[PDB]
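Undergrad: sequence first, structure after, both from an experimental entry:
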Amino acid sequence: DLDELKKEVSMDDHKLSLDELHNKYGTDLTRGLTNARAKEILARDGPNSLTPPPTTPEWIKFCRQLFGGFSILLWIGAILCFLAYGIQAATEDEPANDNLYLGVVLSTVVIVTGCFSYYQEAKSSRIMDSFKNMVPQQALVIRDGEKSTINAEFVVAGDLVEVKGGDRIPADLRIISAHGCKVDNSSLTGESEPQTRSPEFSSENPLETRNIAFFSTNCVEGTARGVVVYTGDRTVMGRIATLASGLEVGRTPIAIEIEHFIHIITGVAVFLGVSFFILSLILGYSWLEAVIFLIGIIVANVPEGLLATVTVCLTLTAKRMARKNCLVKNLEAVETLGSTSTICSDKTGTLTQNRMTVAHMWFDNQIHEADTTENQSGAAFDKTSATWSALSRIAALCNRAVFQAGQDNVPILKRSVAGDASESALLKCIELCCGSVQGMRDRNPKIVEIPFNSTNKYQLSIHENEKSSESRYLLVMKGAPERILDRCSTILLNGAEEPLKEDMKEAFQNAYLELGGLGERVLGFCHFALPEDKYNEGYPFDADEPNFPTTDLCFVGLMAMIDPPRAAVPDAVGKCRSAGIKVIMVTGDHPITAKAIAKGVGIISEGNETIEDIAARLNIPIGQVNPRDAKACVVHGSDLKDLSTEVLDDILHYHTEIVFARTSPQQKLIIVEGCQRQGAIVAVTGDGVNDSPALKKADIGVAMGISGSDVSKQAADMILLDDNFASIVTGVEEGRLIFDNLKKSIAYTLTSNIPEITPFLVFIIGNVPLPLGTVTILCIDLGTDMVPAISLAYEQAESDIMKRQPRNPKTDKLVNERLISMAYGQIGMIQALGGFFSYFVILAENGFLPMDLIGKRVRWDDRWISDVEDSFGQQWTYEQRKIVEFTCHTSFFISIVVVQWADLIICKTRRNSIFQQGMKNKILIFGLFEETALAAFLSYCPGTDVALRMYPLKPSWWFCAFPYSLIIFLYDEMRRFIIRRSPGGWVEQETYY
Amino acid sequence: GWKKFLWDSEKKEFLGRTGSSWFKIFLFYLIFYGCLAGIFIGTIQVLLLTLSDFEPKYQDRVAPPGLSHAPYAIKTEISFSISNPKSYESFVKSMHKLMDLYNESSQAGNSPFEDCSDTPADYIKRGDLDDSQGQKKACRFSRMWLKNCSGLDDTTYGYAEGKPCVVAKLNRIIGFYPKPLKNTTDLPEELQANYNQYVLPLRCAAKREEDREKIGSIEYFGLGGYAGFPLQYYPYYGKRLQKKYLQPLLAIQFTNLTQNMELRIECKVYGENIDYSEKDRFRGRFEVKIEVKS
Amino acid sequence: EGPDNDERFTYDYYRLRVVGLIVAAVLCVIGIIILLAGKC
Ligand SMILES: *[C@@H]1O[C@H](CO[C@@H]2O[C@@H](C)[C@@H](O)[C@@H](O)[C@@H]2O)[C@@H](O[C@@H]2O[C@H](CO)[C@@H](O[C@@H]3O[C@H](CO[C@H]4O[C@H](CO)[C@@H](O)[C@H](O)[C@@H]4O)[C@@H](O)[C@H](O[C@H]4O[C@H](CO)[C@@H](O)[C@H](O)[C@@H]4O)[C@@H]3O)[C@H](O)[C@H]2NC(C)=O)[C@H](O)[C@H]1NC(C)=O
Ligand SMILES: *[C@@H]1O[C@H](CO[C@@H]2O[C@@H](C)[C@@H](O)[C@@H](O)[C@@H]2O)[C@@H](O[C@@H]2O[C@H](CO)[C@@H](O[C@@H]3O[C@H](CO)[C@@H](O)[C@H](O[C@H]4O[C@H](CO)[C@@H](O)[C@H](O)[C@@H]4O)[C@@H]3O)[C@H](O)[C@H]2NC(C)=O)[C@H](O)[C@H]1NC(C)=O
Ligand SMILES: CCCCCCCC/C=C\CCCCCCCC(=O)OC[C@H](COP(=O)(O)OCC[N+](C)(C)C)OC(=O)CCCCCCC/C=C\CCCCCCCC
Ligand SMILES: CCCCCCCC/C=C\CCCCCCCC(=O)OC[C@H](COP(=O)(O)OCC[N+](C)(C)C)OC(=O)CCCCCCC/C=C\CCCCCCCC
Ligand SMILES: CCCCCCCC/C=C\CCCCCCCC(=O)OC[C@H](COP(=O)(O)OCC[N+](C)(C)C)OC(=O)CCCCCCC/C=C\CCCCCCCC
Ligand SMILES: CCCCCCCC/C=C\CCCCCCCC(=O)OC[C@H](COP(=O)(O)OCC[N+](C)(C)C)OC(=O)CCCCCCC/C=C\CCCCCCCC
Ligand SMILES: CCCCCCCC/C=C\CCCCCCCC(=O)OC[C@H](COP(=O)(O)OCC[N+](C)(C)C)OC(=O)CCCCCCC/C=C\CCCCCCCC
Ligand SMILES: CCCCCCCC/C=C\CCCCCCCC(=O)OC[C@H](COP(=O)(O)OCC[N+](C)(C)C)OC(=O)CCCCCCC/C=C\CCCCCCCC
Ligand SMILES: CCCCCCCC/C=C\CCCCCCCC(=O)OC[C@H](COP(=O)(O)OCC[N+](C)(C)C)OC(=O)CCCCCCC/C=C\CCCCCCCC
Ligand SMILES: *[C@@H]1O[C@H](CO)[C@@H](O[C@@H]2O[C@H](CO)[C@@H](O)[C@H](O)[C@H]2NC(C)=O)[C@H](O)[C@H]1NC(C)=O
Ligand SMILES: CC(C)CCC[C@@H](C)[C@H]1CC[C@H]2[C@@H]3CC=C4C[C@@H](O)CC[C@]4(C)[C@H]3CC[C@]12C
Ligand SMILES: CC(C)CCC[C@@H](C)[C@H]1CC[C@H]2[C@@H]3CC=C4C[C@@H](O)CC[C@]4(C)[C@H]3CC[C@]12C
Ligand SMILES: CC(C)CCC[C@@H](C)[C@H]1CC[C@H]2[C@@H]3CC=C4C[C@@H](O)CC[C@]4(C)[C@H]3CC[C@]12C
Ligand SMILES: [Mg+2]
Ligand SMILES: [Mg+2]
Ligand code: NA
């Protein structure tokens, strides 16, 4: 699978002849191949079917979720815990089982997190599998001189294949004879209109010539013949799909932030461990014990619940998107939208609707605009004049297209119409603002019609007049505005008729150039009432001689048409630009249309100008003007092929409104890479297969759901099941909101760290009884704390998020030193002091004053000393003093909850005050209530001092942590005050997360 | 990166900041932590002002007194060879440490020791738990009272010829009055004989029914010759109000002990305000695993 | 008081546990109320 030979632009043998082609592959132009030869080739190279994607067993994507960066840290933590347990078992008798419990708990946490994440990605995979609808297809091949319909998987290279309007091109054919055969190259080449396929060659580029049919393309109208040149995976879209599958995935931003976070956590953990290891060796302890101390401090500095909290947090933000019809296949792809700073979009199928629609109409020397929006939410065009009625009659009559049977349910715009695109748009507009066309057509019987000639460039027909008072005949013709203009002498103004003096002729020329400059295709409709005295009701006007006056007709008005954009496209583009997101158009369509669509959707803001526009406004050559005075630039694909890396970098560095036209899929990928080379996040939004190499390499791909291709849908990361573009704005908003929330939750789960470690450090340095047990640390990190941290995600914005500039990736991180200085440095310290306060209080009320506690651990732990004198002289047995120590663990845990109240309140907002934002988050309130109920339940329920070792507390102890909590609240309140009054001051660059 | 973030020479920065910055941060943390320490100290001083020096506010975790002994057993087992002298040294050393506090030289003069009834007697109340009267007075407890286990005659105390001793002691509790069982028809078998009301009885036995036969003659030594604690040594007024206070002791000689076999001996005290616990094996009773292997 | 000062060594932990449980239950209920207050 040579990638370089697949990265190159497609080549071909189009520039040849029919004899050279038949001589190279071997095939009879009038008899085709033989059955024996056909089967020989079929078995010689393989069926004309694309290879299936690389399957994936379910146990693989499960082992993947069990690993990563966070789960790996928890894995090493469990390993360390079991190592310390082994050492304690082989070195000391009666080894405590604390470490074995902590290790099995860590393993269970990792397994549960993996199961949840895997279940979510499986849910998305099922709803994704319910969209692949593959119905078998059979092609028409001519062998030995006979026509036969065989499965698409049996077509080989060399046989003759015939196509008919409505069928799909099986393989890559070389047209040999066509009869007005049009093809739809929107999916592969992105051409919005049907390009006619002719046996002759026209352009050096195989995608531009008309003598080559492409795989997966459909023949709109006409019939054609052709020799299969390319078959199977070797086709154009086959190489494109193989290239897409042979591309890497990448590494999103949220993952990099989590990685740097783990880097800091491990830095401070190994630092505190190696330091207290040298210190313990300096105080007399043995090596065997110091090793256990090192492992214990390292394990103690690992957040077991931050993993489950982060996963549930992200999942919560994913369900809303699923409520608005925005589905993400992965789980971290929900934040990439918020960090995006350059969105590369596609035109056909993404920015537009890929459907021809009547845009402007000319009548009564006045340009009228029609509604070209999917849901028909706009302004009417004043349907009160007679001119409009005559125009409707001309369009509704001189038209051979008719809605496909059985469409009485779909809307007027989304129904299937059999015919050309122009006639379909005209029929839809008439059926939209003029009622049932079937009755309008049956109301006037068509007598004689002259088809559309390539020379006549006009379609005319005569029908009877439905006027019950006039039995005359009506003649209606339509065609190019110039040809029709040269055949008229009157004008239907406001109903009456008038001459065709040069005044209206010049107004018609200006109208023609006005509608033409808009990138639209304009047509002209005219009619005439045949005098019943010279052509009676019985005379038959056979289409043989000049039976109708070609000239002296009555021109009624022009009718333009073009593919419009989706409803929420301009608003979404404006919203993205407001948030500082650079919108760059990338499409393989004509530049004359790409520029118009760009200006109409907001990519090229009204007022900006290109070098060609300046040269045209000044009437001077283009080589004289300076390229620095042009903000917007239109880069052609042909020119892009001959451009160096530095040139592309400068193009993106100096032009703010860039539009890449006529760019091949490979060029699209090159553009995405050129955008990433600088350092900005990229989001590519597409629908066809030409966007597959762009959606894969981009930081985040957005594929359309209804109008999107299966390849681009399978290679993208986010799917828009409703084809709504405003979802991009919603996503960029949610990506930021959940980011500030992740910061708050991380600081919350990190503040408790200190009051959980400090006790052991003072235990080894000061030799005091153990303050915080292991089952209490577990009841804190994996119990109470979970609900509040999860609730911190439901926090609303503080300021306008859709107003600030995108976060800088090289400077503004997720976990900086400003957070560590708060959680580990100021709040956690106060919480630890409060815990030690409740501790000393419990031991002072029972008889052990603070002066006699320093230096007792040796006898306080000894299991054979049944006489420990306290500060008053009483003798305490071993189990009695142990009961008191356990009650001190229970009160320490409750003190932790008490200080966590004020920590969750000061963590709710990062800058704003509580009296401003407000306590409108019901989840946070529920978290506090549950957090307290759980602590009371764990202490007062009978049989807990036996199972978990937690004794009941006396109502006077529960109030030992209250002052510390209020102090924490006041300190953070004054903190979040100087930041507001003093922007940019010390408190901001020192404590502003 | 590695080198720059450590020391650059254009902005004259070290680790990231200039000279004046590390100073601003260090000064801020010093003032902050200083205030934290002062606040914690104040909140601890008010706590010192909340407690009394003559009595523990809560005395419920020490209501049923324990029963400890003189030898220090690692797993409540006494195993020693009658030949190798370096086998029972850890025992004699402890025993000696305990009895070394009842030396007559320590108990001398009128203050603060007072001669009490040579025969068990009743309680003695030296007033309330106040500082009005000076240091209260405690009764004297002579070594010699313990006859064959005193370290005055046979320093080893018995361990020399297969006849070890075990000095039992009741855990000191402030304001605790020991109360013995009354003479009513319900009383254990053992306790009937020698019902001196003023004596708290201590009686050892065998954990299992089999071991009975293998245990010989439990000879107890105590005040007045009884196997208990005289009520006159109570109550205890606490260290502050009664320094130089001695708690009664009871010696137990396990004469006629079967050789080369682990014997489980459970000793137990009897009384009203005495209750045992299935979790704490030292509350009121105690267990010893003697094995005189020779 | 005096010899029969047995109360000086007793604490009614039973009643304390009963009250602490009643309170815990109440707090849990209130929490649920607040959580579901709005979805009905
Ligand atoms: C409480 O009383 C303890 C015993 O008191 C003795 O008996 C009472 C009734 C009175 O008569 C009193 O006057 C007696 O002293 C008392 O402990 C005793 O302290 C002395 C002084 O250190 C010890 O004497 C020394 O003995 C060692 C060898 O001891 C052997 O036996 C003991 C057991 O008894 C073992 O533990 C040892 O390991 C030995 O196996 C001698 O080597 C040592 O020599 C020193 O003196 C000689 C002159 O005699 C000098 O030439 C040397 O250079 C040395 O300076 C002493 O003779 C005595 O052993 C010890 N008794 C016990 C049982 O340990 C205790 O201190 C008192 N405590 C308080 C707080 O009042
Ligand atoms: C604590 O309690 C014991 C037992 O008390 C007895 O049982 C209690 C449950 C309760 O019912 C008491 O009312 C009851 O007395 C006290 O010890 C007992 O003392 C008596 C009197 O000395 C003894 O009875 C003697 O029994 C002898 C044979 O066993 C008999 O020969 C004795 O004769 C004496 O009395 C007769 C008149 O009956 C007289 O004629 C004789 O000349 C001679 O004096 C006498 O009947 C019991 O055996 C004792 N019980 C035991 C277990 O030894 C004990 O004194 C008491 N302690 C205190 C401090 O109060
Ligand atoms: C029994 C007793 C109990 C004891 C309990 C102890 C509990 C432990 C509590 C806290 C642990 C502290 C450990 C150190 C934490 C430092 C945090 C840290 O390393 O965070 C990482 C930051 C990175 O941040 P960033 O990503 O934003 O960088 C972006 C840079 N870009 C963008 C320019 C490229 O790196 C930096 O900050 C740079 C590194 C700065 C390192 C400073 C080291 C100071 C440590 C000790 C000083 C002691 C001196 C005492 C004497 C005072 C004089 C009297
Ligand atoms: C000595 C002991 C020390 C203890 C220290 C720890 C303390 C931590 C616990 C509680 C702290 C409470 C802090 C009180 C803050 C009140 C702030 C407030 O009232 O700001 C008013 C806001 C602002 O409104 P606005 O103008 O934006 O509205 C605009 C409406 N428009 C848009 C229609 C115009 O109004 C709103 O937020 C809407 C109404 C919200 C009402 C909230 C009431 C609930 C408050 C606390 C719950 C209790 C938790 C107890 C935990 C213990 C469990 C056992
Ligand atoms: C929206 C949804 C709402 C759902 C809310 C659900 C809330 C559920 C509320 C209550 C159910 C809790 C479980 C009930 C446990 C009953 C245990 C019990 O009745 O024990 C009685 C006996 C004690 O007898 P004794 O006094 O004679 O013992 C003397 C022992 N001496 C003398 C040797 C010291 O027990 C014994 O003997 C053996 C003791 C056995 C230990 C069982 C304790 C379980 C341990 C940990 C599980 C707790 C996890 C936390 C879950 C939180 C959920 C929110
Ligand atoms: C959504 C909100 C959730 C809230 C729930 C709170 C989360 C809790 C988080 C961590 C706590 C789990 C730690 C497990 C502790 C097991 C302790 C253990 O095994 O100790 C072993 C003891 C032995 O003790 P010893 O040597 O003194 O015996 C001497 C006996 N002699 C002397 C008489 C012979 O044996 C015994 O206690 C025998 C009785 C066995 C008791 C097993 C209790 C298991 C408790 C919890 C496990 C299920 C939790 C699942 C919920 C997860 C929530 C996310
Ligand atoms: C049991 C637990 C008890 C806990 C109690 C904690 C109480 C301690 C609270 C605060 C004490 C710390 C004061 C430190 C003052 C020296 C700091 C210093 O040297 O600062 C210098 C700067 C002035 O330099 P510059 O910005 O002009 O230079 C620009 C330079 N460039 C560019 C780097 C920004 O200072 C400034 O900015 C002004 C900023 C001053 C910092 C205000 C922080 C106030 C926070 C809390 C006070 C509220 C206590 C409430 C307690 C109620 C108890 C019931
Ligand atoms: C905005 C957020 C609202 C949040 C509301 C949350 C709801 C709170 C729910 C319940 C709290 C009430 C608890 C009442 C329980 C009393 C039960 C009782 O009988 O308990 C007696 C103990 C005395 O125990 P002992 O050891 O002496 O005897 C032990 C004797 N043995 C052991 C021998 C039996 O006493 C105790 O537990 C004392 C109980 C604690 C006293 C409550 C203090 C309230 C503190 C601040 C609130 C101030 C509000 C001011 C209004 C401002 C309006 C604008
Ligand atoms: C949508 C609306 C939802 C509403 C739901 C409402 C739920 C119901 C709410 C409250 C129910 C209250 C139940 C009160 C139970 C009292 C039990 C009690 O007082 O037992 C105490 C005694 C044990 O005393 P001890 O002598 O061994 O003490 C130790 C003494 N030393 C250690 C010094 C020797 O019990 C014993 O003996 C026998 C104990 C037998 C086992 C009883 C099981 C109780 C366990 C859990 C039930 C509590 C759940 C409350 C809801 C909390 C939600 C988080
Ligand atoms: C101490 O125990 C010994 C047994 O070890 C008792 O003496 C035995 O008595 C039986 C008769 O009942 C004789 O057959 C044995 O020969 C004796 N053995 C020895 C070593 O003497 C002795 O009576 C016990 N003494 C006490 C006071 O309990
Ligand atoms: C138990 C006691 C004695 C330990 C006291 C440790 C104190 C002095 C430690 C704990 C956390 C530390 C701070 C943690 C974070 C930062 C941010 C960094 O960019 C510079 C160092 C600085 C500012 C540290 C200074 C020293 C510090 C406050
Ligand atoms: C608001 C903050 C900064 C005020 C903190 C005040 C601190 C420094 C004050 C409050 C209470 C004071 C203590 C109160 C009690 C004692 C006991 C006395 O025998 C000597 C002084 C000593 C040891 C004091 C030292 C200073 C102290 C701890
Ligand atoms: C919003 C803020 C200010 C409310 C603070 C409420 C605090 C003070 C409440 C919440 C839970 C309460 C405790 C819950 C449980 C018990 C056990 C019970 O047997 C006596 C009351 C006692 C000891 C309570 C004392 C007051 C308490 C701690
Ligand atoms: Mg497209
Ligand atoms: Mg933890
Ligand atoms: Na990707």
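TA: Yep, that arrived. Numbers count the residues shown, from 1 in each chain, chains lettered A, B, ... in the order given. Ligands and ions are numbered 1, 2, ... in the order given.

Undergrad: how about residue B:6, nearest residue that isn't a chain neighbour?
TA: residue B:15 (6.8 Å; CB to CB, 6 or more residues apart in numbering or on different chains). Any C-beta I mention is one placed from the backbone N, CA and C, and that applies to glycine too.

Undergrad: cool, and residue A:303?
TA: Per CB to CB, 6+ apart, closest to residue A:303 is residue A:749, 5.6 Å.

Undergrad: and the one you found, what does it touch?
TA: A:303, A:305-306, A:309, A:785, A:789 (CB atoms under 8 Å, 6 or more residues apart in numbering or on different chains).

Undergrad: and the next helix or strand past the helix or strand hosting it?
TA: Per DSSP states H and E, residue A:749 falls inside helix A:727-751. Proceeding N to C from helix A:727-751, the next assigned helix or strand is helix A:754-766, under DSSP H and E.

Undergrad: what helices or strands is that following helix leaning on?
TA: Contacts defined by 3 or more CB pairs under 8 Å, 6 or more residues apart in numbering or on different chains; DSSP states H and E place helix A:754-766 against helix A:253-282, helix A:287-300, helix A:828-845, helix A:878-908.

Undergrad: check which residues of the first one are buried.
TA: Buried residues in helix A:253-282, defined by neighbour count with 16 or more other CB atoms under 10 Å in any protein chain shown: A:253-254, A:257-258, A:261-262, A:265, A:269, A:272-273, A:276-277, A:280.

Undergrad: close to chain C, is stretch B:64-77?
TA: No. Stretch B:64-77 is not in contact with chain C by CB under 8 Å from any CB of the partner chain; minimum separation 9.1 Å.

Undergrad: and that stretch, what's buried?
TA: In stretch B:64-77, counting by 16+ other CB under 10 Å, buried: B:64-73, B:76.

Undergrad: wait, what's in contact with the residue in chain C that ligand 5 sits nearest to?
TA: Proximity of chain C to ligand 5 (CB to the nearest ligand atom) peaks at residue C:32, 6.8 Å away. Residues in contact with residue C:32 (CB under 8 Å, 6+ apart) are residue A:926.

Undergrad: helix, strand, or coil at the residue of chain B found nearest ligand 9?
TA: When scored by CB to the nearest ligand atom, chain B has residue B:60 as its residue closest to ligand 9, at 8.1 Å. On the three-state scheme (DSSP: H, G, I helix; E, B strand; the rest coil), residue B:60 is labelled coil.

Undergrad: neighbours of it, how many?
TA: Residue B:60 is flanked by 12 other residues according to other CB atoms under 10 Å in any protein chain shown.

Undergrad: next, give phi and psi for residue A:479.
TA: In terms of degrees, to the nearest 10, the main-chain angles of residue A:479 are phi 180, psi -160.

Undergrad: please tell me how far it sits from chain C.
TA: 64 Å (CB to the nearest CB, to the nearest Å).

Undergrad: for residue A:880, same thing?
TA: Distance from residue A:880 to chain C, by CB to the nearest CB: 13 Å.

Undergrad: can you check residue B:76 too?
TA: Using CB to the nearest CB, one obtains 27 Å as the distance from residue B:76 to chain C.

Undergrad: helices along the stretch 351-500 of chain A, start to end?
TA: Here the stretch 351-500 of chain A has its helices, by DSSP state H, counting those that start in this stretch, at A:386-397, A:421-433, A:437-442, A:481-485.

Undergrad: quick one: buried residues of the first one?
TA: By neighbour count, and taking 16+ other CB under 10 Å as the criterion, the buried residues in helix A:386-397 are A:387-388, A:390-397.

Undergrad: tell me, how many residues neighbour the closest residue to residue A:412 other than its chain neighbours?
TA: Distances taken as CB to CB, 6+ apart put residue A:432 closest to residue A:412, at 5.2 Å, once the chain neighbours are dropped. Residue A:432: 17 surrounding residues under other CB under 10 Å.

Undergrad: repeat for residue A:501
TA: Residue A:501 has 9 nearby residues by other CB under 10 Å.

Undergrad: ok, now the one 4 residues further on?
TA: A count of neighbours around residue A:505, defined by other CB under 10 Å, yields 13.

Undergrad: and it, what element?
TA: Judged by DSSP H and E, residue A:505 forms part of helix A:502-517.

Undergrad: where's the most centrally placed residue in chain C relative to residue A:938, distance?
TA: Centroid-nearest residue in chain C, with CA atoms, centre = their mean: residue C:20, separated by 1.6 Å. Taking CB to CB, to the nearest Å as the criterion, residue C:20 is separated from residue A:938 by 11 Å.

Undergrad: check residue A:959 too.
TA: According to CB to CB, residue A:959 stands 19 Å off from residue A:938.

Undergrad: still on that earlier bit, can you list the helices and strands packed on helix A:754-766 in JSON lines and add distance to residue B:188?
TA: Shown next, in JSON lines, are those (distance: least, CB to CB, whole Å):
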{"stretch": "helix A:253-282", "distance to residue B:188": "53"}
{"stretch": "helix A:287-300", "distance to residue B:188": "48"}
{"stretch": "helix A:828-845", "distance to residue B:188": "38"}
{"stretch": "helix A:878-908", "distance to residue B:188": "25"}
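
Undergrad: and residue B:30, which of the ones you listed is closest to it?
TA: Closest approach to residue B:30 among the helices and strands packed on helix A:754-766 (CB to CB): helix A:828-845, 13.5 Å.

Undergrad: buried stuff in the helix holding residue A:505?
TA: Quick answer for helix A:502-517 (16+ other CB under 10 Å): A:504, A:508, A:511-512, A:514-515.

Undergrad: what is the subsequent helix or strand relative to that helix?
TA: strand A:521-530.

Undergrad: packing partners of the helix or strand that comes right after that following strand?
TA: Note on strand A:521-530: by DSSP H and E, the next helix or strand toward the C-terminus is strand A:553-561. The contact analysis (3+ CB pairs under 8 Å, 6+ apart) places strand A:553-561 against strand A:360-362, helix A:386-397, helix A:421-433, helix A:481-485, strand A:488-493, helix A:502-517, strand A:521-530.

Undergrad: please repeat the previous calculation with a cut-off of 6 Å.
TA: Secondary-structure packing of strand A:553-561 (3 or more CB pairs under 6 Å, 6 or more residues apart in numbering or on different chains; DSSP states H and E): strand A:360-362, helix A:386-397, strand A:488-493, strand A:521-530.

Undergrad: alpha carbons only: can I get it in PDB?
TA: The C-alpha coordinates for strand A:553-561 follow below in PDB (Å, rounded to 0.1, in the frame of the first residue of the first chain):
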ATOM      1  CA  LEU A 553     -43.300  37.300 -30.300                       C
ATOM      2  CA  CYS A 554     -44.100  38.800 -26.900                       C
ATOM      3  CA  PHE A 555     -41.300  38.500 -24.300                       C
ATOM      4  CA  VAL A 556     -42.600  38.200 -20.800                       C
ATOM      5  CA  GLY A 557     -39.500  37.900 -18.600                       C
ATOM      6  CA  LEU A 558     -36.300  36.300 -17.600                       C
ATOM      7  CA  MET A 559     -35.900  33.500 -15.000                       C
ATOM      8  CA  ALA A 560     -32.700  32.800 -13.300                       C
ATOM      9  CA  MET A 561     -31.700  29.800 -11.100                       C
END
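
Undergrad: list the buried ones in the helix or strand just after that strand?
TA: Remark: after strand A:553-561, the chain's next helix or strand is helix A:569-578, criterion DSSP H and E. Buried residues in helix A:569-578, counted by 16+ other CB under 10 Å: A:569, A:572-573, A:575-577.
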